[PDB]
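Per-chain residue numbering starts at 1, and chain names A, B, C and D are given in the order in which the chains are listed.
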């Protein structure tokens, strides 16, 4: 079972299945993929769409003539397959000119170039039908404390995002921005290192409604944080515009394993949350097939991403549908959590003797939360050991 | 040298020097301190003031008569010494009734009790002259994924803080709230786990101007984050109302070492930032004298907190005053970071051929940032090896 | 299904189901359990046996008369139920006298007391039938660099273990020692912090054959290490005398969650390894029912430990029995890993032109390892989605 | 002051100052350095010697004729400068053929090639005067649990090191091996991940006397471990053959910052330990000048490594020479830690009533350890604030 179809909204970056396997300590183990081939292979696997950095699709430094040629080839493949392009992004991290950042480089001329490079790819993204434009500021940061005045850097980051918002507004584009946080790597510390920091920063931009977050499973886990909790906070704020699914084993370098690998229980609770909240954006995989693999392993790893999502969706749905779990949720008072604490108001609460003066603290304290029985029912459903 | 005086604004919680040394694996190693003794001993060391949880000062469950007696004794000590009380907080974590939280407990009656307990201590805090009321939601969280619906929990957290804001507003109190984040411990994950998450949450409250953050050095470091960077972002947003200084060696249990211990370079860059930004709130120490120590070691550890701040202040001031460092800052273009990227505007930037069409990317890329020479000058100043 | 019976060799510490819920920030949430009740409740759940610290069974400071009374009660419960006692240990961490360690306290008189306290419990352990005596040196360590000369401390640690080996040898006891590592908590750093460090230390003792390791799942994961890999190395060295099973979510305070919780895939690979290696010692649970729970939750959490082991055993057995997985193992050359590299010898290897001079490095490099397909078959078996 | 000279025994890998700045997300920012230039520039800075991987000095796949040419050029530079070559190593990680390991690749032909490549460089290393041959098994490991049978892999690792020991023994070379641990990166988990694991493994080799450890500051810190403690254990076992000095900020990707950067207090305690133990091997820097830097920054970063060692040496010497610190060491009973616990023997200890029956546990427990005052004296000396 568990066969993916375009309705499941699975998407992949060109840079994922196309990663050649160069890491900090070793050369490439796979040949370069033609983006046209990736589109066609991904359509056959059941993918909904692909995403791209500008430099994935058009080699850096291409003339206007070579650029048009690369885009026409790619567009021809999309038209042939029905594959969509729901998101695009800029590469502001690979070329040595960005070694101190794009939007927050100390050199002003680099920051201006960073903005012009980004604006050019927004035009292309809109033409191809992208609804979300992601920014991962992988070089915005520092290895040493004196290298970056962070208040000034946040001024420059705000300036850049405000100029991008003025640009899409003046052009009448119907595209929104999503900031992708990462705590570190390749810089010693990266600015806006978590979902929370990015959410707070958005609230100081001139047009906050145009901006949300693109959280990545492995990135929040690189700070030891609870990724489903962070996603819940983004949904609560109305800012989950896009999401990057993959796996990560704890606090270390960014692994970008296939989704389902790494923290399996966190993946179950994430899928439970996305599906119960009715998230309807792309389920995008930002993963790297390990460099141990040949090209057959690349496609097996990509298929595995989708398969694991579909298995977890089924288990989470069965968990929530189980009357025994519904009873367990009531026994742990999850339903009381949904009731207002004091809809009767501040005055009524102050004069309520049963909330303080006459509150029986020892009886309340003796009540068990029954959380372990609930969690073991969740474990049983995840493992298919109910029945 | 480095003798502290009240003008340095050093403050200590009653619960810091008063920690009896009970940890998860062992009994208390020190006798309980009388809060009156702590006030007098801290005044002799040069402290500006003390802070308190309600339960530090008034034993839980005290009658109105015993309560008034504990407060009069404490007030008499403050009047005798001139010690100030700039901040207070609620204990919503020790008593078993709070085992699933205060503001976000699943049980509604517990949430109501949590609010009444907090409101009662706000009245006392204002009477004693506190300007900041801190909330550390140490029990708000979960060990397992199904125990807490996080969107509902954030609704209840918002409800509680909005009711506290309505209360201080209706009473005409001149006190502000500061949320203290912590990523984990004693819960498996705590809600609002970092400075960023707390800053983002404040922006959804009804009266955001009343609320800021109380970041703690060790807590951000428990997520492997850069504490000076996080403080810079709080200052940039106008939300650094208070701060907890201590030390922490990496990602593990919350150590609350004396300030200066743990990550020494991060402490240098923090002091550099607080002093150059002109932060003027209390320099509050939330630390625990290790349970290896007797009472002489408690006071030596407390004196060490203040001493290390004063030494780092001197080194950071000398670093910024050094003409050789000023030259190094220009060589790394820290001054260009302060210039707007495009004050000429979006249209001018789009038509500027030198920002893209004619931008010499290879010349820009070849420029060294000279960050290592700058950082070694910082190291030399920290270690007193200049000259 | 998945009902435990005594043949599954599941054991529990008295201190596990008996944890009253006191953590660093809160009071106890459960009443104390009578060890006799724990024996009887654990026998009803299907447990094989119980383990104990001296101070769990005999309150500290008991006279010879009260001591004999506590032991007779406990012995009567064991005889009534058939429950076994396969392991015992000393509490050298709770009482304030041990605040700087037992075997490596700076104070010599404390080290002597630590040895006499331990020797007394070895006598009792042997009388009750224990085959393994565990030592967890939770207080051996330091918060600051100058407090402990670590070479001298390792001398004292070696001295203590050598004296214990001389004692059991002179008494003719048939009991072996197992060192339990932990990287930190309650000390800032603990000596012998991982399985590897403990294995290396054993090799410098006078009688290494008497000593092995008692690794704990969560403890190695507190250093971000791969617990199955560490267990493999202990088995390879012949030193896995005992094991502590529980769960842990990443690098933070020691959670001691029920087994199966935390890193679920690591638990699958651990059970796969223990069962395929034919480990035949106790499957011991060192876990804490969360303090949110009442007494019903305590027993549900304990039952969950055993249930999760039995489910994972079934899935791992089905994984290894699957002919499709056996084919995948050959495709990834797991079988070639078992062949000697050069049983033909050093001289033959030096003169083998096909190992270097004529080795086709590009053909070898192009071979895929097929690891992702293998790992997805493992995922399918863990989740019960094969068929 | 703090000028390095050859007597300080500072050494650098060719791959350190020669790192071109390629990281997982970006291209090279510096041109390649000619090894002859690196020798001459390092001699001018005051370095004692250089180290190399085979592939740093001889491009992979070179004929016997090109190989001899590269070696003669390098040898001519050494003879011209007096620079020594105290250590060499093999590159078994960069070429795609090693994507699953060298000594523990699943493919047997790769393991044989790995051994022949290593043996060839041992011959060259001895000819140039190296006394230590390092092995960093950076590709020995796995991203997924089924890919590697770790017991079989340790068999193959033991086989390889035993064959290398047979080879140097049969040739009569006076060179010893040092294993360099790393917990992860570039593999998801690396075999022998810490100093402890490597020390334990050495004890199972046929000729353990030929093998020790080459611990790296940042690598142990990637597991959150205390690097000075681990070095103490290696010295206690007689196995510290070599050491890699650099800096690392906590648990994340391997940063290889210049020595002194990262955890500054840990660097102070390390230098204190190396100097008080009389370690006399090379002080080798395995660091990467950040890719933000041009070639002037490369040499400033390299000079900074040596400068920071010399400053910390001076501060640690002054700390130990201070009569006030000696008094503090006695007050914390560091001297009692050096006394045997029970040189009177097991029988005397058993019959000593003052060690148990008459031991006054409450008086002992009340003694303060005075560790905080000692640590603040250490802080004062590190910062040059004594006097």
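The working rule: a residue touches a chain if its C-beta (ideal position, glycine included) is under 8 Å from a C-beta of that chain, and two chains touch if they have at least 3 such contacts.
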Original post:
If contact pairs are compared by residue number, which of A-D, A-C or A-B agrees with B-D in over half of them?
Top reply: A-C
**OP:** Any chance you could check whether C-D or A-C wins on number of contacting C-beta pairs?
**Re:** C-D
**OP:** Quick one: report the Å distance separating subunit A from subunit C, using the average Cα coordinate of each chain.
**Re:** 37
**OP:** For subunit C and subunit D, let me know how many angstrom lie between their CA-based centres, rounded off.
**Re:** 30
Original post:
Which residues does subunit B have that touch at least 2 chains other than itself?
Top reply: 29, 95-96, 99-100, 143-144, 147, 183-184, 189, 222, 224, 251-252, 261, 265, 290, 292, 365, 367, 369, 371-372, 375
Subject >> Residues of subunit C that touch subunit B when the two form their complex >> reply: 21-29, 93-96, 98-100, 138-139, 143-144, 147, 183-186, 188-189, 222, 249, 251-255, 257, 261, 290-292
Subject >> subunit B-facing residues of subunit D, complex >> reply: 1-2, 29, 221, 224, 250-252, 258, 260-265, 289-290, 292-297, 300-301, 304, 307-308, 311, 315, 365-373, 375-376, 379, 382-385
Subject >> Touching residues (chain side subunit B, partner subunit A) in the complex >> reply: 95-97, 99-100, 103-104, 106-113, 115-117, 119-120, 142-156, 159-160, 163, 166-167, 170, 183-184, 189, 191-201, 203-204, 222-226, 228-230, 232-233, 235-237, 251, 265-266, 268-269, 272, 277, 329, 332-334, 336-342, 346, 349-350, 352, 354-356, 359, 361-362, 364-365, 367, 369, 371-372, 374-375, 378
